[PDB]
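Heads up: the structure comes next, in structure tokens.
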Amino acid sequence: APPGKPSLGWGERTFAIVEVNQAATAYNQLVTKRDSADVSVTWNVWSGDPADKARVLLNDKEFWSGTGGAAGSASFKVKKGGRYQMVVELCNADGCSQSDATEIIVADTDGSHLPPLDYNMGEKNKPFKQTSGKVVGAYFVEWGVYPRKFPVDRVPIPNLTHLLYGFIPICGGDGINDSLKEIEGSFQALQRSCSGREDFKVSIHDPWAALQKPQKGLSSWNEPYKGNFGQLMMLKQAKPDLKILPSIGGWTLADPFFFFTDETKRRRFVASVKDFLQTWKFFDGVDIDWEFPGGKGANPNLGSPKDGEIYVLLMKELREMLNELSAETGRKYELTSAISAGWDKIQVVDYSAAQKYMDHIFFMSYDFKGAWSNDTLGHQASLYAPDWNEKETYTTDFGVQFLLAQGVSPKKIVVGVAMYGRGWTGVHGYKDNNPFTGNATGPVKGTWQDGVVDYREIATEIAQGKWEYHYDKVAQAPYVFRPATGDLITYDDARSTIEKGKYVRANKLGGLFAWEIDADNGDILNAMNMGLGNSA
Ligand SMILES: Cc1cccn2c(=O)c3cc(C(=O)NCc4cccnc4)c(N)[n+](C[C@H]4CCCO4)c3nc12
Ligand SMILES: *[C@@H]1O[C@H](CO)[C@@H](O)[C@H](O)[C@H]1NC(C)=O
Ligand SMILES: *[C@@H]1O[C@H](CO)[C@@H](O)[C@H](O)[C@H]1NC(C)=O
């Protein structure tokens with residue numbers, strides 16, 4: 001004669017270890033990290049013999065015990081997220097009885113409550129297997145879910161080992177993040193994101209795109225995590241070994257790095273990163289995109305020769321931080337950084353000193369030339385120098401050799417590929433039918449910006465005969481040219497991308513990475529995988 005079978009009371013069935021306010025605009029009002037969720041359950045007895053023991057089991061394992069054998073309740077902590085079958089069990093001296101199972105969702109930022117990502121193999125992407133052991137990385141931009149319409153589910157995830165999230169901002173007002181002011185709405189949007197947040201703490205630039213914007217599979221208005229971050233959790237469920245790293249900085253967010261002479265602000269930043277990864281568990285480490293140590297970044301007023309020493313100090317403490325984060329969670333975290341490929345920036349830092357803490361170096365072998373100059377035309381990401389200027393120092397090969405001369409192990413170096421074109425208009429005064437020898441009247445009309453074109457657009461317009469295509473065989477670089485108007489764009493295509501893969505294998509380098517994933521029609525990432533030796 002066991003107790004009567006209990007019946008569970010109607011109540012909340014979704015609980016969050018990490019709470020997310022779906023309508024907040026300040027970061028500290030947006031998320032609240034906790035070590036566990038507080039799950040509650042009620043039940044009704046009908047036989048009314050105050051049984052000696054009640055229990056609450058989730059997937060047949062005990063999470064709580066108490067003596068509520070007369071229509072009672074229970075609260076208890078659940079520290080690991082997921083979908084749980086909840087059952088209430090009552091016992092007397094004769095035996096036990098168990099209520100019907102109801103499902104509860106204990107959400108956490110590792111995606112343990114979500115199904116795998118339903119990703120698209122769209123356009124010209126074709127599937128590969130990561131067999132080479134080489135790094136195949138790409139940047140996913142936070143603002144890509146707006147007119148670009150490139151959510152995380154568009155990322156061809158079997159063709160990557162690393163996905164970099166650009167960007168995670170460091171918070172500060174006038175004097176700390178003035179590079180943002182050259183983009184309308186951005187500086188103020190960062191101020192809104194950090195209303196009441198300590199300066200030099202990490203944050204989220206766009207909380208709407210990151211966590212609140214409805215996306216594929218994450219639209220129900222009580223979904224704890226939506227936006228890019230929620231999809232990234234489902235990405236982790238799809239390919240658990242794909243590394244997802246937050247990219248702190250970029251071109252317009254690197255200014256707060258220069259104030260890290262003050263160790264007080266460096267400890268605050270490093271500590272905020274630890275709390276950031278505990279809060280957002282789907283990230284597998286940290287990518288530091290200080291652009292650049294010593295200066296010559298977006299802001300012409302910061303930079304110092306001392307920055308090289310502090311760049312190593314930052315890597316040291318971040319690594320120690322990740323090591324004690326490993327001691328808590330048992331996971332392996334990665335420390336990477338996107339660094340300049342120009343020698344005048346490399347020499348600012350002794351990378352042989354920083355490399356002991358770093359897993360990979362994301363060598364930005366692009367942006368060598370651009371529409372920021374009407375006179376200095378050239379290849380933006382070529383492998384070698386062109387014959388018309390053999391002593392060109394801003395090449396992939398020259399940068400790699402300069403970095404190797406510092407004593408950097410070849411395995412840590414990951415070569416950059418440009419999924420975009422930088423270009424000019426009105427190129428005139430050129431000789432030898434070489435448009436690079438002339439000058440420009442301004443930037444080329446671009447996809448989302450003056451002087452920047454998506455490769456997808458370059459490829460489409462080439463098929464439609466709108467461009468006169470050329471390949472610099474010596475420098476290993478393609479470029480399109482319209483003679484009637486002076487339009488000239490330099491970029492990476494499948495041929496030059498394959499040549500970068502050969503170069504990485506011939507020199508025992510780490511692999512390839514590309515900016516940005518939403519600017520590719522599939523051809524570039526295809527060539528990255530083929531050029532590195534992966535199986536199709
Ligand atoms: C003025 C300028 C002069 C010299 C170099 N420059 C750059 O090397 C540069 C790079 C970037 C960039 O983001 N590269 C991708 C990227 C990927 C991963 C991590 N970090 C960065 C950039 N946005 N701008 C400024 C905007 C203004 C108009 C178009 O380029 C840049 N400007 C300049
Ligand atoms: C390029 O030339 C145009 C017109 O000659 C000028 O207005 C513009 O400021 C120039 N840009 C640079 C970066 O020199
Ligand atoms: C481009 O501008 C530079 C700057 O003075 C000048 O020296 C050079 O001759 C110009 N080239 C042409 C083809 O006009």
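Note that the numbering runs from 1 along the sequence shown for the chain. Scope of the values below: all heavy atoms of this structure, side chains included, with no hydrogens, waters or symmetry mates. Counting starts at 1 for both ligands and their atoms, in listed order.
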*Determine, considering heavy atoms only, which of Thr437, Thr376, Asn439 sits nearest to atom 2 (O) of ligand 3.*
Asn439
*For atom 4 (C) of ligand 3, which protein heavy atom lies nearest, and how many Å away is it?*
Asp375 OD2, 3.5 Å
_Tell me the protein heavy atom at minimum distance from atom 27 (C) of ligand 1, and give that distance in Å._
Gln449 NE2, 4.7 Å
*Evaluate the criterion side-chain contact (heavy atoms from CB on, under 4.5 Å) for residue pair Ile339 and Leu403; output intermediate values, then yes/no.*
CA-CA 11 Å; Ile339 72 165; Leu403 182 63; 4.3 Å; yes
_From the candidates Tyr366, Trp251, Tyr139, the one that places a heavy atom nearest atom 17 (C) of ligand 1_ = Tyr366
*Just to confirm, does any protein heavy atom lie below 4.0 Å from atom 7 (O) of ligand 3?*
no
*asked:* Is the shortest side-chain heavy-atom distance between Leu325 and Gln278 below 4.5 Å?
replied: yes
*With sequence neighbours left out, write down each residue that passes ring-ring contact (aromatic ring centres under 6.0 Å, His included) with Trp251, or none if nothing qualifies.*
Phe292
*asked:* Closer than 4.0 angstrom, basic N to acidic O: yes or no for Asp307 and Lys345?
replied: no
*Rounded to the nearest 0.5 Å, what's the gap from OH on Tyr455 to CD1 on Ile524? Could you check?*
4.5 Å
*In terms of side-chain geometry, is the basic nitrogen of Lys500 or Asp492 positioned less than 4.0 Å from the acidic oxygen of its partner?*
yes
*Which ligand 3 atoms does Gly429 reach within 4.0 Å, using its non-hydrogen atoms?*
13 (C)
*Under the salt bridge (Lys or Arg N to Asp or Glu O under 4.0 Å) rule, what pairs show up with a residue in residues 282-294, not counting sequence neighbours?*
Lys236-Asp284, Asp284-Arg331
*Hey, does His428 come in under 3.5 Å of ligand 3, counting only N/O atoms on both sides?*
no
*Please state which protein non-hydrogen atom is closest to atom 14 (N) of ligand 1 and give its distance, to 0.1 Å?*
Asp367 OD2, 2.9 Å
*With a 4.0 Å cut-off, would you call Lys502 and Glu499 a salt bridge?*
yes
*Would you mind checking which non-hydrogen protein atom is closest to atom 13 (C) of ligand 2, with the distance to 0.1 Å?*
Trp372 O, 3.3 Å
*Hey, is atom 22 (C) of ligand 1 under 4.0 Å from any protein heavy atom?*
yes
*Between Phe436 and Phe481, is a ring-ring contact (aromatic ring centres under 6.0 Å, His included) present by the stated rule, with each step listed?*
CA-CA 10 Å; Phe436 293 106; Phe481 185 59; 8.5 Å; no
*Assess the pair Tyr351 and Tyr311: is the distance between their ring centroids shorter than 6.0 Å?*
yes
*Under 4.0 Å from a heavy atom of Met364: give me the atoms of ligand 1 that qualify, with their elements.*
18 (C), 19 (C), 20 (N)
*Answer with side chain, backbone, both or neither: which part of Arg422 has a heavy atom less than 4.0 angstrom from an atom of ligand 1?*
side chain
_Checking a contact table here: which protein heavy atom is nearest atom 1 (C) of ligand 1, and how many Å away?_
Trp372 CB, 3.6 Å
*Just let me know how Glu291 lines up against ligand 1, side chain, backbone, both or neither, with a heavy-atom cut-off below 4.0 Å.*
side chain
*asked:* Using side-chain heavy atoms (C-beta onward) and a distance below 4.5 Å, is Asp206 in contact with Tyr146?
replied: yes
*Top protein contact for atom 14 (O) of ligand 2, by heavy-atom distance*: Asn374 ND2, 3.1 Å
*Provide, to 0.1 Å, the distance between atom 3 (C) of ligand 2 and the closest protein heavy atom, together with that atom's residue and name.*
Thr441 O, 3.2 Å
_Please report whether atom 10 (C) of ligand 1 has a protein non-hydrogen atom at a separation of less than 4.0 Å._
yes
